[PDB]
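Structure first, then comments.
What's counted below: heavy atoms across the whole structure, side chains too, no hydrogens, waters or symmetry copies. Order of the sequence lines fixes the chain letters, A, B, ..., with proteins taken first and strands second; residue numbering starts at 1 for each chain.
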Amino acid sequence: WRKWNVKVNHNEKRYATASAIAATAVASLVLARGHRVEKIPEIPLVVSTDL
Amino acid sequence: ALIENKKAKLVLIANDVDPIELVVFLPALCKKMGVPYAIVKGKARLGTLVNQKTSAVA
Amino acid sequence: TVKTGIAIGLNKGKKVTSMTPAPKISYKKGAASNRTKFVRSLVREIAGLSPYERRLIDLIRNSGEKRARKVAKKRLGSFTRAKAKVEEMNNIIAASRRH
Amino acid sequence: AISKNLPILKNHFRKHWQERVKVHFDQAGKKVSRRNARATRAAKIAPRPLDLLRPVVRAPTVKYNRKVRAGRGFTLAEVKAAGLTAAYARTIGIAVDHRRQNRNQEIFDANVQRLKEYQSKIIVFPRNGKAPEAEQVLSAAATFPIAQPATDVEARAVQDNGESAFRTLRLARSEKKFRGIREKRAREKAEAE
Amino acid sequence: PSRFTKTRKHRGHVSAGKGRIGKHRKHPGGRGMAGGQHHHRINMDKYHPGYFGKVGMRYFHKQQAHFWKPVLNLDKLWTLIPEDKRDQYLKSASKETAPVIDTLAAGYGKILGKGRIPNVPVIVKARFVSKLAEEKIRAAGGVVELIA
Amino acid sequence: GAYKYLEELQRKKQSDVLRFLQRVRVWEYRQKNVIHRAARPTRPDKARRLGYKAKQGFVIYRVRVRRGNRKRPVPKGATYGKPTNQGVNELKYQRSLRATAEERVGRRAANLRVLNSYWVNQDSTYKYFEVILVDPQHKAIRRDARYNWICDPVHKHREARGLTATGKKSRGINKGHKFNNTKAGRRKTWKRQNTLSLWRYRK
RNA sequence: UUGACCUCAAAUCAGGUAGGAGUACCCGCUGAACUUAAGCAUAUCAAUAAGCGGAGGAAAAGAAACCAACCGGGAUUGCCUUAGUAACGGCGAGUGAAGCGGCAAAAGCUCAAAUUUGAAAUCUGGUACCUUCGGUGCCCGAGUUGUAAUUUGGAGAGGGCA
RNA sequence: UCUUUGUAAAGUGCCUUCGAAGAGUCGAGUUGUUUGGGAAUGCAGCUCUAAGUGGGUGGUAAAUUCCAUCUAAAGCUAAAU
């Protein structure tokens with residue numbers, strides 16, 4: 001009966017999700033996370049629905 | 001039930017009834033309804049009369 | 001028997017239209033039946049009275065209704081039951097006098 | 001034992017509480033199992049809605065009688081008014097509650113209308129017919145939602161007649177408080193010559 | 001996190017922050033609220049006066065639903081009506097169209113007069129009302145009708 | 001119907017006729033064995049009412065059980081504890097004499113399942129009951145859909161588990177505000193109220 | 001003495017059934033003390049451990065002699081809450097539920113007490129056959145001190161009209 | 001797939017007369033135990049021991065009016081657990 005799951009405010013979770021979505025678009029943050037997107041044309045990268 | 005609506009023309013009550021409470025009221029009920037009743041001897045006789053072993057009333 | 005439309009007072013509550021539902025047959029349970037009266041009178045015809053009931057009848061005859069009710073409150077459980085039993089022993093006395 | 005300025009805490013843990021500890025690790029698994037049971041039961045009763053039709057009922061106490069919720073079953077008066085017998089109602093999917101009494105005209109009307117529209121919407125397959133497969137819906141509760149009845153319009157005219165609504169409350173409470181005294185006084189005044 | 005605790009910092013020092021003279025013993029003062037009248041009476045009297053004894057009447061089988069009665073003040077009264085309609089009503093502040101406010105539907109039992117509603121008329125459907133609350137609604141030009 | 005008359009007459013307990021019958025019958029039952037098979041119910045109406053039907057596979061066993069409190073079975077009255085538990089004499093057994101009688105009868109006729117039992121007599125030292133039992137392996141009971149539930153396995157030793165009428169009465173199984181401690185099982189209720197329920201996302 | 005009946009026995013009579021095990025959970029009985037109270041006796045630990053009896057895949061409970069006081073809910077169970085609250089308590093240490101509400105699941109019912117009385121309509125067993133978890137004939141038996149059909153309070157029964 | 005049986009079985013509308021409903025039990029006193037249950041929550045022993053618009057309950061003992069709500073002293077029952 002040690003605590004395993006931790007409650008987080010819904011709005012705080014969504015705040016963090018929005019920050020992560022926004023950081024997706026930042027070129028420097030993706031490089032810092034190390035995602036080898038240098039030869040990508042531009043980010044946030046978008047493709048057609050054929051994908 | 002027959003006595004209670006006076007459809008009985010004669011009632012015969014066996015004296016040999018083991019739990020006497022089954023027939024103690026029969027004389028008083030017969031008197032109240034005004035039917036003729038006789039305390040006859042032997043529930044075995046009534047059983048023989050109705051082709052059974054014991055009948056305790058006919 | 002309608003409410004007063006006010007949250008305070010004797011008949012407090014919302015004013016609504018009432019339709020007085022059909023009584024359930026559960027509510028007719030204490031009711032007396034011809035069958036059970038006939039059977040109970042017939043059983044009394046052969047059972048007789050209890051020792052404390054004869055004591056009650058003698059107490060009503062000699063001592064009085066109050067003393068009988070006290071003894072019947074002792075013998076039965078409650079005061080209401082004592083009143084009812086003394087009433088029925090009064091009925092027995094009256095029936096004896098009448099016939 | 002007792003220490004700095006702190007609230008007095010009442011922690012009931014001086015039995016063998018550690019033996020009776022239930023940790024709900026199976027919350028997710030139980031949710032999955034419940035959804036699976038609902039799915040398999042729906043498949044078993046495939047054309048049927050997986051639940052029964054419940055009545056509109058007024059919540060009992062003075063804290064909740066402002067709200068209307070679901071009941072247990074429709075009264076025998078309600079089913080008779082809807083025009084069907086209790087046994088058949090039970091077979092074709094209406095919850096019938098025998099011990100609930102309706103003293104209320106608008107709860108009566110709301111439940112009868114619930115039953116009428118239920119009969120209008122559902123279709124009963126005949127015992128020996130051709131089985132018109134009918135695209136089961138899975139929730140009578142969602143198909144026939146409980147709607148709180150509106151009481152009065154949002155904007156109406158102001159009627160003042162000078163009672164302040166506080167003196168009336170005070171006087172009602174006082175009349176309740178002193179009714180028995182006044183009745184007793186009337187009895188003594190009548191009985192004394 | 002255990003790595004942040006002071007046990008990790010006491011690793012190395014003999015007594016673990018509990019003292020050399022007065023050790024960390026088991027229960028040197030008693031268990032729980034022991035000795036509240038005898039040797040913790042000073043803490044009890046300083047920090048929790050009124051602890052010991054009983055004062056009022058009893059109430060067998062008390063129901064809290066009987067005493068459910070949330071209170072609404074006049075300042076918060078106007079927040080019961082929908083926000084988009086609020087400017088409309090304030091501008092069309094007149095009789096014969098006043099908004100009826102069902103405090104009982106909103107979840108309140110009594111109306112209290114915390115004061116200063118605008119001088120528009122308004123219909124306050126309550127089941128209990130304060131003297132000053134009814135006075136202030138009447139002054140504003142509305143009315144309170146009692147409900148149940 | 002004679003059963004109505006039997007019922008009212010049996011209610012009239014202190015009437016002279018029932019006093020006489022009580023005396024003679026209590027002497028007879030005292031003279032017979034402590035537990036003995038009865039050829040027929042001595043209260044036909046009461047057996048019928050409690051569930052007995054006069055068909056093959058229904059048994060009546062008369063049983064007498066000793067009256068009084070339960071003396072604590074300790075040597076020389078030594079309890080070795082607190083003065084509260086020092087009592088020996090006027091402690092009361094928590095199950096009724098009816099339940100004790102029907103449990104003894106079930107132990108005797110282990111093949112049968114007790115339907116019920118009813119009071120027939122008592123005296124200073126003994127109380128007398130008649131136990132209705134059903135033969136669950138008789139075909140007249142296995143067929144005849146009115147009584148298969150007794151031959152279903154979950155009804156083994158209802159008297160021992162407390163599922164008979166007196167068992168429910170003793171266990172306190174009844175609806176109301178007076179049975180809040182014992183309504184669905186005393187120990188079940190106690191476990192439920194003394195469990196600490198901790199969810200994944202703690203409250 | 002033509003033979004019954006009742007009660008009680010005996011059979012290596014015909015066919016069955018119970019016992020023991022496991023016992024995590026479940027249904028009861030029985031039942032402590034250590035411990036806490038900074039001592040200790042009521043209290044607490046605890047209606048717990050140990051002991052005993054009895055089940056199942058769940059058990060138990062269960063269709064109100066319920067809850068309520070409302071504009072009334074409507075079998076039981078479990079969860080969130082009520083609530084560490086009402087209350088109990090050397091009113092000390094401590095203990096301590098329930099109604100309403102939101103949910104999960106929802107399912108209802110049958111006996112006794114009624115004359116079939118124009119027909120004991122009921123059932124075990126033996127024997128025979130068959131399509132053998134059984135069905136159908138005959139025969140004893142059980143049973144009127146009551147086995148079938150009908151009724152269970154939500155009703156229902158009887159008799160008329162439709 | 002054969003199996004019509006069966007003027008067989010069940011449900012509904014109106015009216016009339018009825019409408020049986022569980023006893024050493026409810027209940028009361030007292031004793032022990034138990035409960036949060038407090039002039040006594042349940043259980044058990046003992047004593048007393050009913051009634052039929054009766055009985056129970058309505059968390060302060062009692063006597064007088066009412067009212068509200070169920071219908072014990074018999075029984076079965078899946079699921080959630």
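The phosphate of G:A149 has OP1 or OP2 within less than 4.0 Å of a side-chain N or O from F:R146. Checking the phosphate oxygens (OP1, OP2) of G:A148, no side-chain nitrogen or oxygen of F:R143 falls inside 4.0 Å. An OP1 or OP2 oxygen of G:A104 is reached within less than 4.0 angstrom by no side-chain nitrogen or oxygen of D:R34. One finds no side-chain N or O of F:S170 lying less than 4.0 angstrom from the OP1 or OP2 phosphate oxygen of G:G28. In this model, the phosphate group of G:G154 is approached by a side-chain N or O of C:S26 to a distance below 4.0 Å at OP1 or OP2. Phosphate contact (OP1/OP2 of G:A142, side-chain N/O of B:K53, threshold under 4.0 Å): present. Between D:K67 and G:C100, a side-chain N or O to OP1/OP2 separation shorter than 4.0 Å is absent. At G:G74, none of the side-chain N or O atoms of D:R58 fall inside 4.0 Å of OP1 or OP2 (strictly under the cut-off). Phosphate contact (OP1/OP2 of H:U64, side-chain N/O of C:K83, threshold under 4.0 Å): present. Look at D:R100 and you won't find any side-chain N or O under 4.0 angstrom from OP1 or OP2 of G:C67.
On a pure distance criterion of 3.5 Å, no polar donor-acceptor pair joins the side chain of D:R14 and the base of G:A46. Residue-to-nucleotide contacts include no donor-acceptor pair under 3.5 Å from the side chain of C:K24 to the base of H:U71. One donor-acceptor pair, N or O on each side, does fall under 3.5 Å between the base of H:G37 and the side chain of F:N181. With hydrogens and angles ignored, no donor-acceptor pair closer than 3.5 Å exists between the side chain of C:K28 and the base of H:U53. Side chain E:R41 to base G:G92: no donor-acceptor pair is found below 3.5 Å. Side-chain N/O atoms of F:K13 and base N/O atoms of H:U49 include no donor-acceptor pair closer than 3.5 Å. Contact annotation: side chain of C:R81 to base of H:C26, donor-acceptor pair present below 3.5 Å. For F:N85 and G:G31, a side-chain-to-base donor-acceptor distance below 3.5 Å is absent, hydrogens and geometry of angles not being considered. With hydrogens and angles ignored, no donor-acceptor pair closer than 3.5 Å exists between the side chain of F:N180 and the base of H:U35.
Taking the P atom of each, G:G62 and G:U76 are spaced 9 Å apart, rounded to whole Å. To the nearest whole angstrom, the two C1' atoms, one in G:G96 and one in G:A155, are 43 Å apart. Taking atom P in both G:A75 and G:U42, one finds a spacing of 45 Å when rounded to whole Å. Nucleotides H:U34 and G:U48 are separated by 12 Å at their P atoms, to the nearest Å. G:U36 sits 15 Å from G:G89 when the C1' atoms are compared, rounded to a whole Å.
Residue contacts for F:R72: at a heavy-atom cut-off of 4.0 Å it reaches the sugar-phosphate backbone alone, with no base atom in range. Here F:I173 lies in heavy-atom contact (under 4.0 Å) with sugar-phosphate atoms only. F:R95 comes within contact range of the sugar-phosphate backbone alone, with a heavy-atom separation under 4.0 Å but no base atom that close. Contacts of F:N89 with the nucleic acid, taken as non-hydrogen atoms under 4.0 Å apart, are absent. C:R35 comes within contact range of the sugar-phosphate backbone alone, with a heavy-atom separation under 4.0 Å but no base atom that close. Contact annotation for F:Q137: backbone-only contact, meaning every heavy-atom pair under 4.0 Å involves sugar-phosphate atoms and none involves a base. Backbone-only contact: F:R192 has heavy atoms under 4.0 Å from sugar-phosphate atoms and none from a base. Counting non-hydrogen atoms under 4.0 angstrom, F:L97 reaches the backbone sugars and phosphates but no base.
With a positive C1'-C2'-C3'-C4' torsion, the sugar ring of G:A11 falls in the north range.
Ionic pairing of F:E159 and F:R113 is not present here: no N-O contact between side-chain nitrogen and carboxylate oxygen is shorter than 4.0 angstrom.
One can place NE2 of F:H177 at 5 Å from P of G:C67, the figure rounded to the nearest angstrom. Counting to the nearest Å, the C1' atom of G:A58 and the NZ atom of F:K188 are 11 Å from each other. Going from atom NZ of F:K53 over to atom P of G:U144 covers 14 Å, rounded to whole Å. Between F:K169 atom NZ and G:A60 atom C1' there is a gap of 19 Å when expressed in whole angstrom units. For the pair E:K54 NZ and G:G92 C1', the interatomic distance rounds to 12 Å; values are reported in whole Å. Nucleotide G:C100 holds its P atom 9 Å from the CZ atom of D:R69, rounded to whole Å. Rounding to whole angstrom units, CZ of residue F:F179 and P of H:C70 are separated by 18 Å. G:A75 atom P lies 16 Å from atom CG of F:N174, rounded to whole Å.
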Tabulated below should be each protein N or O lying under 3.5 Å from an N or O of nucleotides 83-89 of chain G; please produce it.
from, atom 1, to, atom 2, distance (Å)
G:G84, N7, D:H12, ND1, 3.3
G:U85, OP2, D:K10, NZ, 3.1
G:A86, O3', E:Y59, O, 3.0
G:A86, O2', E:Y59, O, 2.5
G:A86, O2', E:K62, N, 3.1
G:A87, OP1, E:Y59, N, 3.0
G:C88, OP1, E:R58, NE, 3.4
G:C88, OP1, E:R58, NH1, 2.4

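G:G99: glycosidic angle within 90° of 0, hence syn. Glycosidic torsion of H:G52 falls within 90° of 0, placing the base in syn. In this structure, H:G59 is classed as syn because its glycosidic torsion stays within 90° of zero. For H:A28, the base is anti relative to its sugar; the glycosidic angle deviates from 0 by more than 90°.
Look at F:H157 and the base of G:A55; the rings do not stack under the cut-offs of 5.5 Å between centres and 30° between planes. Ring-to-base geometry places D:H98 in a stacked arrangement with G:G154 (centre distance under 5.5 Å, plane angle under 30°).
In this structure, F:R187 engages the major groove, with at least one side-chain heavy atom under 5.0 Å from a major-groove atom and none near the minor-groove set.
Projected onto RNA chain H by closest heavy-atom contact, F:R67 and F:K178 fall at different nucleotides, the more 5' of which corresponds to F:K178. Heavy-atom distances to RNA chain G give each of D:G71 and E:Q37 a nearest nucleotide, and the one nearer the 5′ end belongs to D:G71. Along RNA chain G, the nucleotide closest to F:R161 and the one closest to F:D144 are compared, and the more 5′ of them pairs with F:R161. Sequence order on RNA chain H of the closest nucleotides to C:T36 and F:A165 puts C:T36 first from the 5' end.
Legend: unstacked base step between H:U53 and H:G54; six-membered ring centres and planes not within 5.5 Å and 30° respectively.
Judged purely by distance below 3.5 Å, without hydrogens or angles, the side chains of F:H157 and F:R161 never pair a donor atom with an acceptor atom.
Base-pair annotation: H:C43 with H:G32 meets the Watson-Crick or G-U wobble criterion (two N/O distances, each under 3.5 Å). Nucleotides G:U136 and G:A87 are not base-paired: the Watson-Crick or wobble atom pairs do not both lie closer than 3.5 Å.
Using a 30° and 60° split on the angle between ring planes, D:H24 and F:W199 fall in the parallel class, below 30°.
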